[PDB]
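J.: Dropping the structure in here first, questions after.
Numbering (the numbering used here), first residue to last: 98 to 210.
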């Protein structure tokens with residue numbers, strides 16, 4: 098399937114134990130996709146002071162369209178030193194590994210895979 102329905106656990110930035118996916122744009126996008134597939138991916142909602150507490154490169158989920166079955170259609174965009182790899186809509190948040198942190202909410206997305 099070109100798209101997969103996911104429910105992403107929303108984590109508080111100060112709870113997150115593994116603060117990024119890796120060391121290159123290509124690695125973080127690869128790892129993010131693997132974690133999304135394995136259900137081991139969390140979402141941190143971006144506000145003032147969140148991104149400096151996480152590790153670059155960042156992986157964002159961005160709205161790709163204006164929402165089947167409650168699931169917002171999203172795609173992956175990475176960022177390293179102010180340059181983004183991909184072009185998409187509004188940021189829904191930054192992806193991180195989920196290693197058992199308690200979420201505050203869930204974000205229903207349809208992931209272009």
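Where is the CB? At the ideal position from N, CA and C, for every residue including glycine.
Do you know offhand how far residue 154's Cα is from residue 203's?
T.: Position 57 of the chain shown, counted from the first residue, corresponds to residue 154. Position 106 of the chain shown, counted from the first residue, corresponds to residue 203. Cα to Cα, the separation comes out at about 24 angstroms.
J.: Is residue 187 closer than 8 angstroms to residue 159 when the C-beta atoms are compared?
T.: Walking along the chain shown from the start, residue 159 turns up at place 62. Walking along the chain shown from the start, residue 187 turns up at place 90. Yes.
J.: For residue 205, name the three-state secondary structure that DSSP assigns.
T.: Your numbering for residue 205 matches position 108 in the chain shown. Residue 205 falls in the strand class under three-state DSSP.
J.: Quick one: give me the first and last residue of the beta strand (DSSP E) that residue 175 is part of.
T.: Numbered from 1 along the chain shown, position 78 holds the residue referred to as residue 175. Residue 175 -> beta strand (DSSP E) spans 169-177.
J.: Which value, in whole angstroms, describes the spacing of the CA atoms of residue 137 and residue 181?
T.: Translated into the one-based positions of the chain shown, residue 137 becomes position 40. Translated into the one-based positions of the chain shown, residue 181 becomes position 84. Rounded to whole angstroms, residue 137 to residue 181 spans 24 angstroms at the Cα level.
J.: Who are the Cβ neighbours of residue 175 in its own chain at under 6 angstroms, not counting the five residues just before and after it?
T.: Residue mapping note: residue 175 aligns to position 78 of the chain shown, counting from 1. If we look at residue 175 and ignore the five residues flanking it on each side, its Cβ neighbours are 122, 125, 126, 154, 156, 182.
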